[PDB]
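Residue numbers (the entry's author numbering), protein chains in the order written: chain Z, 2 to 58; chain W, 50 to 93, 107 to 146; chain F, 9 to 55; chain L, 292 to 388; chain C, 1 to 141, 158 to 446.
C-beta: ideal position from N, C-alpha, C; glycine also.
Take a look at the structure set out below.
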Amino acid sequence: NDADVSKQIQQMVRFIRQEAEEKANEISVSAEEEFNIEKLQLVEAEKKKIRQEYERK
Amino acid sequence: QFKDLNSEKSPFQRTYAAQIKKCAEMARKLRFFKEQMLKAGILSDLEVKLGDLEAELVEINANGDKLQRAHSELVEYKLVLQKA
Amino acid sequence: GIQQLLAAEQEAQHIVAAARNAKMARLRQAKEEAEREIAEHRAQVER
Amino acid sequence: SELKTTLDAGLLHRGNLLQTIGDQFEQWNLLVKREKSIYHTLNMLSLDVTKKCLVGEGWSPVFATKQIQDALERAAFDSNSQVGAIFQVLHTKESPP
Amino acid sequence: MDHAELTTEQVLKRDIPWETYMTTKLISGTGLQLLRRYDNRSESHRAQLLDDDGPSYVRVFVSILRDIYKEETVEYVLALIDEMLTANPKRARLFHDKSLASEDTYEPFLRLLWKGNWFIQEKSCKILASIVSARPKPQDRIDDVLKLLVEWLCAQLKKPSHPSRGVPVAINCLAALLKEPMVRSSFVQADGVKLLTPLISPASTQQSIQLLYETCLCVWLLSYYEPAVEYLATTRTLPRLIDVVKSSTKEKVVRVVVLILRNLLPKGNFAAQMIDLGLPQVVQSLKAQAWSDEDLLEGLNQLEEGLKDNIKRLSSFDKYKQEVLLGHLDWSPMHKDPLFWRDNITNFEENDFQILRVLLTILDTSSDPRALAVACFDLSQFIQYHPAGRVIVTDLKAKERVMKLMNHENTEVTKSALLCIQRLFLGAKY
Numbered sequence: 002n003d004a005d006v007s008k009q010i011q012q013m014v015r016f017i018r019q020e021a022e023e024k025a026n027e028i029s030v031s032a033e034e035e036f037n038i039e040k041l042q043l044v045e046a047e048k049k050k051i052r053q054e055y056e057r058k
Numbered sequence: 050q051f052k053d054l055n056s057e058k059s060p061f062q063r064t065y066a067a068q069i070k071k072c073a074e075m076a077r078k079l080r081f082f083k084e085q086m087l088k089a090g091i092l093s107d108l109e110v111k112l113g114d115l116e117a118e119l120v121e122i123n124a125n126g127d128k129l130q131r132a133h134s135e136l137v138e139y140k141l142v143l144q145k146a
Numbered sequence: 009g010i011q012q013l014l015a016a017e018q019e020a021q022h023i024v025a026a027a028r029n030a031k032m033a034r035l036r037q038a039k040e041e042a043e044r045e046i047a048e049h050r051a052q053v054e055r
Numbered sequence: 292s293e294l295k296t297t298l299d300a301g302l303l304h305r306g307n308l309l310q311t312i313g314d315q316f317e318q319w320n321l322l323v324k325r326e327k328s329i330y331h332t333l334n335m336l337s338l339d340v341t342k343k344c345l346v347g348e349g350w351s352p353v354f355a356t357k358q359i360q361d362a363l364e365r366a367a368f369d370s371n372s373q374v375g376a377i378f379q380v381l382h383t384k385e386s387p388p
Numbered sequence: 001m002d003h004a005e006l007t008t009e010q011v012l013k014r015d016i017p018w019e020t021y022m023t024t025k026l027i028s029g030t031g032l033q034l035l036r037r038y039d040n041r042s043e044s045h046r047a048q049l050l051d052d053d054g055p056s057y058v059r060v061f062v063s064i065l066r067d068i069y070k071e072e073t074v075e076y077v078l079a080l081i082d083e084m085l086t087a088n089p090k091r092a093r094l095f096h097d098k099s100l101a102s103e104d105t106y107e108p109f110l111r112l113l114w115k116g117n118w119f120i121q122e123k124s125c126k127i128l129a130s131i132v133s134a135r136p137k138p139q140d141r158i159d160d161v162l163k164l165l166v167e168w169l170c171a172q173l174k175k176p177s178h179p180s181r182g183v184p185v186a187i188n189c190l191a192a193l194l195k196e197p198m199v200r201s202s203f204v205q206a207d208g209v210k211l212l213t214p215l216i217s218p219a220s221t222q223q224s225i226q227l228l229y230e231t232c233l234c235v236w237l238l239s240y241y242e243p244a245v246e247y248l249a250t251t252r253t254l255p256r257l258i259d260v261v262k263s264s265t266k267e268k269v270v271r272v273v274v275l276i277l278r279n280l281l282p283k284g285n286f287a288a289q290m291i292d293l294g295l296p297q298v299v300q301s302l303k304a305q306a307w308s309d310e311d312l313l314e315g316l317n318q319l320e321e322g323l324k325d326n327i328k329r330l331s332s333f334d335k336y337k338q339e340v341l342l343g344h345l346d347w348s349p350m351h352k353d354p355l356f357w358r359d360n361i362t363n364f365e366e367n368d369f370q371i372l373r374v375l376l377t378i379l380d381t382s383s384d385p386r387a388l389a390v391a392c393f394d395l396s397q398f399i400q401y402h403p404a405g406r407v408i409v410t411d412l413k414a415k416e417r418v419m420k421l422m423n424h425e426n427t428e429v430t431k432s433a434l435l436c437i438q439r440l441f442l443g444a445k446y
């Protein structure tokens with residue numbers, strides 16, 4: 002123990018912070034951006050349809 | 050020295066026995082190359111390079127043997143035609 | 009000792025699950041947000 | 292004659308390269324020995340998912356165990372990871388040879 | 001992160017007396033009073049009094065930044081304003097006032113690009129926050161401002177400060193701005209991508225591993241924006257990045273690189289060919305060297321499957337299937353190259369050239385000479401591939417196909433049929 006157990010606990014805490022947070026935030030940000038972009042494309046298609054209807058009117 | 054706890058649990062793929070299988074393929078390639086070198090007599107990633115070199119040497123030996131056989135065939139034809 | 013490592017693994021799993029849930033919620037919210045934005049754009053076009 | 296000359300030249304070049312190939316394999320003898328030993332040890336070793344570090348237990352001299360820290364620190368510096376391996380001694384009824 | 005923490009520590013370490021500078025005819029006494037009452041304003045922000053906390057303090061901070069141009073006083077001014085300028089939620093009322101509109105966001109641009117790296121951390125954070133909302137950052141407010165301000169590249173080149181002091185800050189700012197497609201696809205960001213091409217290749221240092229992760233995040237941001245994708249295609253070190261990912265100790269970095277490659281679903285012929293080289297070696301090793309998240313391994317397997325599908329997309333069996341197998345002869349890989357002809361014949365001849373017999377039967381009863389021409393050309397290539405195979409084709413309807421339209425009015429069909437017959441004859445006798 003002594004420095005060994007302290008080093009092990011520090012390694013566990015470093016894992017918890019770095020490994021867990023990095024992948025989690027990367028996935029969250031990437032998925033949010035992708036969903037925003039895809040739904041913005043869908044909204045753009047809907048707006049194009051609305052513009053066509055307005056042109057017909 | 051550590052006991053084979055994971056291997057005792059399962060010899061098949063154990064915990065890192067997939068890496069062991071890759072190393073086994075590398076060792077088989079190394080043994081084949083060592084046997085080929087012993088046939089020749091030389092002083093005796108990197109595994110892939112050694113395997114490629116051994117394959118090239120085998121291909122060169124096969125080509126040399128085929129060319130020697132072709133030379134023998136042509137010598138046979140020349141000798142027969144000269145005798146005729 | 010090892011209990012800390014087990015708690016670390018559990019926390020990491022919980023964080024991963026939270027990230028997945030946050031991704032799903034972000035997509036769900038983005039759908040309605042873009043729908044409302046398209047509605048507002050249609051309204052200003054009508055104006 | 293042409294085919295025999297071509298075969299002889301190819302064989303000579305093959306042997307010239309094969310000398311260096313054999314020297315490389317001679318080094319690769321020790322290299323493959325080390326690789327096979329490492330693979331066998333890893334198969335013997337058990338990975339710990341929670342700690343993310345593979346667990347290795349063996350019978351070691353209690354006195355000589357003080358010197359393993361040097362190799363551990365050397366490996367850690369070579370790996371350069373902030374993660375630090377821990378070696379501990381366990382008392383048990385099992386009698387090590 | 002560490003870079004932002006170091007910059008904030010350096011900024012807050014130096015204290016600047018605003019009263020002395022104001023008395024020195026550089027600032028106003030009212031400015032000194034506002035700076036002294038900024039502590040009470042922050043306390044009221046903690047006490048939920050938004051009016052004194054952030055409302056006038058936004059204009060007060062803008063005026064303080066404009067007046068204190070010197071980096072020495074700018075350090076303390078930015079340290080005080082960092083609470084509002086850090087993020088939209090941090091000191092929300094003041095942050096909401098700062099980022100409420102395009103004009104309000106453009107107001108911080110004058111404050112931005114001021115002082116050294118310590119204050120430049122907060123400056124880049126505020127620039128990203130304004131740029132995060134596309135409306136808050138108009139092109140004149158802030159893509160043009162960012163492109164014309166080479167202070168970003170200067171903070172990136174501030175090597176003596178730390179290894180990643182401007183680099184981590186710049187990477188984080190770029191990742192934040194990737195939310196706005198305009199900020200991500202701005203030529204200012206694209207210009208730095210080419211400048212950072214050498215940084216993509218080596219990640220030997222442990223700090224460089226974090227730099228490699230930042231580069232991977234930038235790669236993901238580029239994958240978000242199509243113009244950024246075009247710039248990356250122009251940018252080099254893509255095969256170097258592939259090699260680095262192959263030699264990746266950090267499995268997270270390798271997973272990020274694989275994810276970026278998968279996000280590069282667009283063709284990008286150069287990177288596609290490099291991955292095809294990688295797929296035989298790099299993808300195979302990654303499959304062998306599976307590690308870290310099982311989800312990452314599954315994504316790597318999916319990327320490998322996609323790469324295998326894309327491999328030989330032009331030189332696929334689709335042309336051969338449409339030509340020989342379909343029965344309406346067309347462009348086939350077999351006719352293109354004799355090696356491909358032998359490869360196709362290998363599958364064709366199983367039992368007395370069963371597939372080749374079917375093709376010959378289709379070609380024999382062909383009203384259209386053009387399809388007959390293509391079929392006869394394929395038969396000629398197959399016959400020339402194997403001498404015994406040529407005799408087998410002559411035994412089959414390939415001789416019948418050659419006889420059909422052998423010297424017809426069409427020239428292509430006649431030539432192809434004659435070539436098939438000649439190949440059969442050449443294979444009949446050696």
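With a CB to CB cut of under 7 Å and the five nearest residues on each side skipped, what residues in its chain are close to C:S99?
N88, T105, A129, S130, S133 and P136
What three-state label does DSSP hand C:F333 in the structure shown?
coil
Can you say whether W:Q68 is buried or exposed, counting buried as having 16 or more other CB atoms within 10 angstroms of its CB?
buried
The alpha helix (DSSP H) with C:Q289 in it runs from where to where?
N285 to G294
Return the bridge partner residues of residue 155 of chain C from the DSSP annotation.
Since the numbering of chain C jumps from 141 to 158, residue 155 of chain C cannot be located in this structure.
So what's C:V418 in DSSP terms, helix, strand or just coil?
helix
Reduced DSSP secondary structure (H/G/I, E/B, other) of C:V60
helix
Answer yes or no: does any C-beta atom of chain C fall closer than 8 Å to that of W:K71?
yes
Return the Cβ separation of C:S263 and C:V273 in integer angstroms, given the expectation that the two are a contact with Cβ distance under 8 Å.
That pair is no contact at about 11 Å.
Using 10 angstroms around the beta-carbon of C:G116, count the other beta-carbons present and answer buried if the total reaches 16, otherwise exposed.
buried
List the residues of chain F whose Cβ lies closer than 7 Å to the Cβ of L:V340, in chain order.
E17
Under 8 Å between the Cβ atoms of C:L442 and C:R417?
no
Strictly below 8 Å CB to CB, what residues from chain D border C:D309?
Judged by its chain identifiers, the structure shown contains no chain D, and its protein chains are Z, W, F, L and C.
Once you ignore the five residues that flank C:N360 on each side, which residues in its own chain have a CB closer than 6 Å to its CB?
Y336 and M350
Along the region 322-339 of chain L, what residues have a CB closer than 8 Å to any CB found in chain Z?
none
I'd like to know whether the C-beta of F:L14 is nearer than 8 Å to at least one C-beta of chain L.
yes
What does DSSP give as the partner residues of L:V346 in its beta bridges?
L:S337
Assuming contact is defined by CB atoms lying nearer than 8 Å, are C:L32 and C:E19 in contact in what I supplied?
yes
Touching or not, the region 28-42 of chain Z and the region 304-321 of chain L, by the rule of three or more beta carbon pairs under 8 Å?
no
C:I408 versus C:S332, C:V374 and C:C170, residue with shortest Cα-Cα distance:
C:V374
How would you write the range of the alpha helix (DSSP H) that W:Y65 sits in, first residue to last?
Unbroken run through W:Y65: none, as it is neither H nor E.
Take the Cβ of L:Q358 as the centre, count every other Cβ of all protein chains shown within 10 Å, and call the residue buried at 16 or more, exposed below.
exposed
With a threshold of 16 other CB atoms inside 10 Å of the CB of C:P17, please say whether the residue is buried or exposed.
exposed
How big is the Cα-Cα spacing for W:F61 and F:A33?
42 Å
Give me the Cα-Cα distance between C:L12 and C:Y76, rounded to the nearest whole angstrom.
6 Å
In the DSSP assignment, what are the bridge partners of residue 95 of chain W?
Coordinates for residue 95 of chain W are lacking, as chain W steps from 93 to 107 with nothing built in between.
Residue from W:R131, W:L143 and W:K71 with nearest C-alpha to L:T297:
W:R131
Per the contact definition of three or more C-beta pairs closer than 8 Å, is the region 340-350 of chain C in contact with the region 312-321 of chain C?
no
Interface residues of chain L around Z:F16 at Cβ under 7 Å?
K343
For chain W, check one thing: does any of its Cβ atoms lie closer than 8 Å to the Cβ of L:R305?
yes
Do L:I312 and W:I91 come within 8 Å of each other at the CB atom, strictly closer than that value?
yes
Kindly indicate if chain W contains any beta-carbon less than 8 Å away from that of L:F368.
no
Leaving out five residues on either side along the sequence, give the residues of the same chain with a beta carbon under 7 Å from the beta carbon of C:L277.
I291 and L319
Got a sec: which bits of the region 31-42 of chain Z sit with their beta carbon under 7 Å from any beta carbon on chain F, in order along the chain?
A32, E33, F36, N37, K40 and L41
Using the Cα positions of C:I399 and C:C392, report the straight-line distance between them to the nearest angstrom.
10 Å
For W:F51, the three-state DSSP class (helix, strand or coil)
strand
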